[PDB]
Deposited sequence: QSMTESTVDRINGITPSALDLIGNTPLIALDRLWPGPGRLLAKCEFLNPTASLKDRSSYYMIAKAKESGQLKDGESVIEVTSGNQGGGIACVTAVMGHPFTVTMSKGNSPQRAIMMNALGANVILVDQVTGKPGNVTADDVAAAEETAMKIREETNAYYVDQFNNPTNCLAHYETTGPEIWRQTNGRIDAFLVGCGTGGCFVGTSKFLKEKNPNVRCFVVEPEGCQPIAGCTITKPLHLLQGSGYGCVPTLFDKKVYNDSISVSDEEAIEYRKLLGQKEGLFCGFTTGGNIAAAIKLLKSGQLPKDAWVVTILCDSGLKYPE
């Protein structure tokens, strides 16, 4: 367990592989963006080795499948993905010696394949059904998924599906949550994050509510891509997400993605609301680097 049972000293010793770079990310105080009262802190998930939080779930999905004997040594892995999850799976399979094949729609920007290809993935571009270059439809995605399912059947590969695999949320129950609890020294009044798979929210919140049943956990929802609509939740507009993505860069020096701006907008709404206790500590997630975007 590179993320939990580790004697690796990243600061003062040798890091054995990129797997040991995943997790144990910094918890940064955003004290210039939010000068009080109460405190805003956020996990620096853009400092994972592929620059998103997906490294955590990618490591868990593969490591757990190896541990159970389902994924054999040097067995092929396949995924349909144009996003962060594919970068994470490419990284972990590169280190662990698994051949990796990715399918995605030809409608994607070629930018979406660069990191996966650089990490050894065999990227297969699948013809569009209904969409056109830069407009990838539901039907275009379904055609990519069908190609991946057919290749998996023909090659007897291990299929990765972060929406359907139970170990996806386990990653954050075992790592993200326990790290926030330790880094805050047990001072946290609220946790919030947006939901794609829901793994980060569900796993992290489950752990935090075991340590402090009083902690308030909120799903960050778009008002109406990555994060999706539907317990307790905070809505943020695209305009607000863009606004706080900018403010995070200008006041804290951190260039993160769109979902990060939504998370920061929501956290600031919560801090301004007066719904929490005096001097409340609020934690959210800096999900990925702004560099990961076309």
item: Parts of the chain sequence, as deposited, that carry no C-alpha coordinates in this structure; value: 225-226, 233-257, 322
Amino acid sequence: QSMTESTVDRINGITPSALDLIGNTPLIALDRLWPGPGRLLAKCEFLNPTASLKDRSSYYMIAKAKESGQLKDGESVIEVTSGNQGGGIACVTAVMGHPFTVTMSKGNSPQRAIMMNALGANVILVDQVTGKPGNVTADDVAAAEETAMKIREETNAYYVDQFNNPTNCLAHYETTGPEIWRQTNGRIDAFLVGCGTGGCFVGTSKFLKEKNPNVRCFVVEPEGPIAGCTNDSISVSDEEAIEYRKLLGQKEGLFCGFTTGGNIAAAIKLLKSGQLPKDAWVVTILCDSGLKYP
From here on, numbers count along this sequence of modelled residues.
| property | result |
| --- | --- |
| Segment of higher mean CA temperature factor, 58-66 or 231-239 | 231-239 |
| 132-140 versus 119-127 - which carries the larger mean C-alpha B factor in the record | 132-140 |
| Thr175, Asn84, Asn164, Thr93, ranked by C-alpha B-factor: the highest one | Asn164 |
| Top residue by Cα temperature factor, when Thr204, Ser76, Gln183, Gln111 are compared in the entry | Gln111 |
| Third of chain Cα B-factors occupied by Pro213 | middle |
| Lowest, middle or highest third - CA B-factor, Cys287 | lowest |
| Ranked against its chain, the third holding the CA B-factor of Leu254 | lowest |
| Ranked C-alpha temperature factor of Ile11 among modelled chain residues, by third | middle |
| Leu276 CA temperature factor, ranked by third within the chain | highest |
